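what's the 3D shape of this:
(4 chains)
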Amino acid sequence: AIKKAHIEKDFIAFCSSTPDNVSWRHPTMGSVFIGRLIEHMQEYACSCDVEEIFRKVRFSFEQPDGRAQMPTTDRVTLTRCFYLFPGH
Amino acid sequence: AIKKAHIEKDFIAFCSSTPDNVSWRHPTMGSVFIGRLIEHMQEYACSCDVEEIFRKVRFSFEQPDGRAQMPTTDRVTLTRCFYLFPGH
Amino acid sequence: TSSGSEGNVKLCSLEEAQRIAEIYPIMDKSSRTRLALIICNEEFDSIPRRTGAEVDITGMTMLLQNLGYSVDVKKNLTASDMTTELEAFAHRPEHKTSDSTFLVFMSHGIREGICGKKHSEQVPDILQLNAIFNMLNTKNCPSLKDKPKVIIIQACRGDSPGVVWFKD
Amino acid sequence: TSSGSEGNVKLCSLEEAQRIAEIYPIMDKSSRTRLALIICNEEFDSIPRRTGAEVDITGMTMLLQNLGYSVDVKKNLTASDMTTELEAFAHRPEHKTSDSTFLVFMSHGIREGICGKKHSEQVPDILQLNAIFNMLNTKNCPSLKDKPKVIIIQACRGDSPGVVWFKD
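Numbers count the residues shown, from 1 in each chain, chains lettered A, B, ... in the order given. Take a look at the structure below.
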């Protein structure tokens, strides 16, 4: 027997900046968003789900300097919490 | 003195379905997404932040019937948890 | 009890409030002027009547009032009128003494966005989500800087059923 | 210790695991075949060289490996090649015995989307986010039905600084 499934579900996109806007990349240190995301994943994957982690990344960008950007989550169809459970 | 602020921040959009796809509306009972959202807000505003509530709404749509749709959160720049604190 | 201002919204107790650094600050209940806007298109020139829209208006209006917002309801507007209403909403002085806002849009919709009352295939009358964000961002609505802006959209985003088949 | 497979990723203890109905199920560590893909464009025909991209590749690759994913790294591709790579990724048999996936895109970008290696103003070479979702949805990638698909994009989305001024 056949059954119906949603065509688009369990997605989350995380972009480095908001529409219309630049994202920054240090020539030797790398992309700030990428670096920031790695740091937050390393720290918070053990205790927080991905949506919570991405929110923390966004908070870390809150105070704008000369090179400002605000990461954004888009097209979210996660129906559950995604915990990475590192080590397991 | 002047200071810089992000042009787009503290937004969350919640759409009734995913791109390309229909949303359903009962002629006497109203829009299913709207009805479902109200029910979840009434129940969970006291204990959950809006992102958590919207996730629960999405979960409630998980099993597709003859009239299926998957609500989606988009363009999220919430840097903190938004609790409604009903009663306060 | 549902007789109070919060109606059927379950209350957050003081014990739960203290249990809950990473939360949006809430303004004093005595002095805050929370605003919300509902735009609902029910009667259209070329697309069918959205029967049951009144049920959605009632439910959303009462819910947002229960949560502490003063709700403006605007009905049967073109995309241009929606734009004008949004611009007027963004300029409201109450936002200055508010901690957040809700925007609710309910209409027919296509892939591109939300249908105005005069929409047809020959002459499109569409409001894009991008335009809603732009009108409410820090540039065009500085009074809502740092404050949650919740946008709710009830509308189709295309013609597809949104499903695929699979066998167990 | 950072000498283990999880490197610098803080470990979730068994006590924390039991403390954490609304969670995505994780497959047995012994038998699961988690897959991840990184597409990074560093060398371009018409746009400047993305110096430091190698740092991003290293960091993301090691992180996703730390989290238990087998990482494919593809470099300097046109939008068409990205499409071909995505379609090939979606068809991988390992997804069947996987519980999730990560997709990472790193390039120059405009409002419309991500730049391929041959991109210029005269002849655009763009991959849209919409296309990435479509290639990974239930229709085109049934092996990832019900499984988290995390898409990460490092790219500009336009030319604007993303800031506005305000006075305190």
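
Only C-alpha atoms from now on, for both contacts and neighbour counts.
Noted.

where does the nearest residue to residue A:73 once chain neighbours are set aside sit relative to residue A:47, distance-wise?
Beyond its immediate neighbours in the sequence, the residue positioned closest to residue A:73 (CA to CA, 6 or more residues apart in numbering or on different chains) is residue A:14, lying 4.5 Å away. Going from residue A:14 to residue A:47 by CA to CA, to the nearest Å gives 19 Å.

can you pull the contacts of the residue positioned nearest the centre of chain C?
Against the mean C-alpha coordinate of chain C, by CA atoms, centre = their mean, the closest residue is residue C:104 at 1.6 Å. Residue C:104 makes contacts with C:37-39, C:151-154, as judged by CA atoms under 8 Å, 6 or more residues apart in numbering or on different chains.

hey, where'd the strands end up in chain C?
Using DSSP state E, the strands of chain C run over C:35-40, C:70-75, C:101-106, C:114-115, C:126-127, C:149-154, C:163-167.

Buried deepest among these, which one?
Stretch with highest mean neighbour count among the strands of chain C: strand C:114-115 (a mean of 26; mean count of other CA atoms under 10 Å in any protein chain shown).

can that strand be found next to chain B?
No: judged by CA under 8 Å from any CA of the partner chain, strand C:114-115 and chain B are separated, with a smallest distance of 11.1 Å.

Run through the helices of the chain in chain order.
Using chain A. A:32-44, A:50-60 (DSSP state H).

right idea, wrong chain: chain C
Going by DSSP H, chain C shows helices at C:14-19, C:53-66, C:79-90, C:129-136.

what are the phi and psi values for the residue lying closest to residue A:56 once chain neighbours are set aside?
The spatially closest residue to residue A:56, leaving aside those adjacent along the chain, is residue B:79, at 6.8 Å (CA to CA, 6+ apart). Main-chain torsions, residue B:79, degrees, to the nearest 10: phi -100, psi -10.

Enumerate every residue touching residue B:79.
Contacts of residue B:79 by CA under 8 Å, 6+ apart are A:55-56, A:58-59, A:62, B:9-10, C:22.

hmm, try it at 7 Å
With contact set as CA atoms under 7 Å, 6 or more residues apart in numbering or on different chains, residue B:79 has these partners: A:55-56, A:58-59, B:10.

still on that earlier bit, now render the helices of chain A as a markdown table, adding mean neighbour count.
Formatted as a markdown table, the helices of chain A follow (neighbours: other CA atoms under 10 Å in any protein chain shown):
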| stretch | mean neighbour count |
| --- | --- |
| helix A:32-44 | 20 |
| helix A:50-60 | 21 |
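
okay, the ones you listed in TSV with distance to residue C:9 next?
TSV is the format used below for the helices of chain A (distance: least, CA to CA, whole Å):
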stretch	distance to residue C:9
helix A:32-44	33
helix A:50-60	25
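
among those, which is nearest residue D:160?
Of all these, it is helix A:32-44 that lies closest to residue D:160, at 16.9 Å by CA to CA.

could I have the closest one exported to CSV, CA atoms only?
What follows is helix A:32-44, C-alpha atoms only, in CSV (Å, rounded to 0.1, in the frame of the first residue of the first chain):
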residue,chain,number,x,y,z
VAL,A,32,33.4,35.0,10.4
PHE,A,33,30.0,33.2,10.2
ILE,A,34,31.7,29.9,9.5
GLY,A,35,34.2,30.4,12.4
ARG,A,36,31.4,31.5,14.8
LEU,A,37,29.2,28.5,13.8
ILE,A,38,32.1,26.1,14.4
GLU,A,39,32.8,27.6,17.9
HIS,A,40,29.1,27.4,18.9
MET,A,41,28.7,23.9,17.5
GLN,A,42,31.8,22.7,19.5
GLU,A,43,30.5,24.3,22.7
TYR,A,44,26.7,23.7,22.5
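
which residues does residue C:125 contact?
Contacts of residue C:125 by CA under 7 Å, 6+ apart are C:78-79, C:115-116, C:118-119.

nearest spatial neighbour of it, skipping sequence neighbours?
Leaving aside its chain neighbours, residue C:125 sits nearest to residue C:119 (4.4 Å; criterion: CA to CA, 6+ apart).

Any idea how many residues pack against the one you found?
Neighbours of residue C:119 under the rule other CA atoms under 10 Å in any protein chain shown: 20.

Need phi/psi at it.
Per degrees, to the nearest 10, the backbone of residue C:119 is at phi -70, psi 140.

and chain C, which of its residues are near chain A?
C:162-168 (CA under 7 Å from any CA of the partner chain).

ok, back up a step: ok, now how distant is the residue nearest to residue A:56 from residue C:152?
In terms of CA to CA, residue B:79 sits 19 Å off from residue C:152.

again, but for residue C:167
Taking CA to CA as the measure, residue C:167 falls 35 Å from residue C:152.

Repeat that for residue A:50.
23 Å.

Now do the contacts for residue C:8.
So residue C:8 contacts B:42, C:2 (CA under 7 Å, 6+ apart).

Now do the end-to-end distance for stretch C:146-156.
30 Å.

hmm, that stretch in reach of chain B?
Yes: using CA under 7 Å from any CA, stretch C:146-156 reaches chain B at C:146-156.

Distance to residue D:134 for these - can I get that in JSON lines?
Converted to JSON lines, the residues of stretch C:146-156 next to chain B look like this (distance: CA to CA, whole Å):
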{"residue": "C:146", "distance to residue D:134": "34"}
{"residue": "C:147", "distance to residue D:134": "33"}
{"residue": "C:148", "distance to residue D:134": "30"}
{"residue": "C:149", "distance to residue D:134": "29"}
{"residue": "C:150", "distance to residue D:134": "27"}
{"residue": "C:151", "distance to residue D:134": "25"}
{"residue": "C:152", "distance to residue D:134": "24"}
{"residue": "C:153", "distance to residue D:134": "22"}
{"residue": "C:154", "distance to residue D:134": "22"}
{"residue": "C:155", "distance to residue D:134": "21"}
{"residue": "C:156", "distance to residue D:134": "18"}
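
Out of these, which is nearest to chain A?
Nearest to chain A among those, counting by CA to the nearest CA, is residue C:146 at 9.5 Å.

For residue C:37, see how far away the closest one is.
Relative to residue C:37, and taking CA to CA, residue C:146 is found at 19 Å.

With residue C:30 instead?
21 Å.

Run a quick neighbour tally on residue C:131.
By other CA under 10 Å, neighbour count at residue C:131 equals 13.

ok, now which ones touch the closest residue to residue C:74 other than its chain neighbours?
Nearest non-adjacent residue to residue C:74, counting by CA to CA, 6+ apart: residue C:39, 4.9 Å away. Residues near residue C:39 by CA under 7 Å, 6+ apart: C:73-75, C:104-106.

Close to chain B: what parts of chain A are there?
Residues of chain A lying near chain B (CA under 7 Å from any CA): A:4-6, A:8, A:18, A:55-56, A:58-59, A:64, A:72-80.

Next up, the contacts around residue 7.
The chain I'm using is chain A. C:162-164, D:137-139.

was after chain C, sorry
residue C:66.

Which residues of chain A lie near chain C?
A:1-7.

If any of those are buried, put those into a PyMOL selection.
Listed next is the PyMOL selection for buried residues among these, using 16 or more other CA atoms under 10 Å in any protein chain shown:
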select buried, chain A and resi 4+5+6+7
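
Out of the residues of chain A next to chain C, which is nearest to residue C:56?
Nearest member of the residues of chain A next to chain C to residue C:56, counting by CA to CA, is residue A:6, at 24.6 Å.

The closest one - nearest residue in space that isn't next to it in sequence?
residue C:163 (4.6 Å).

what residues are up against that neighbour?
A:4-7.
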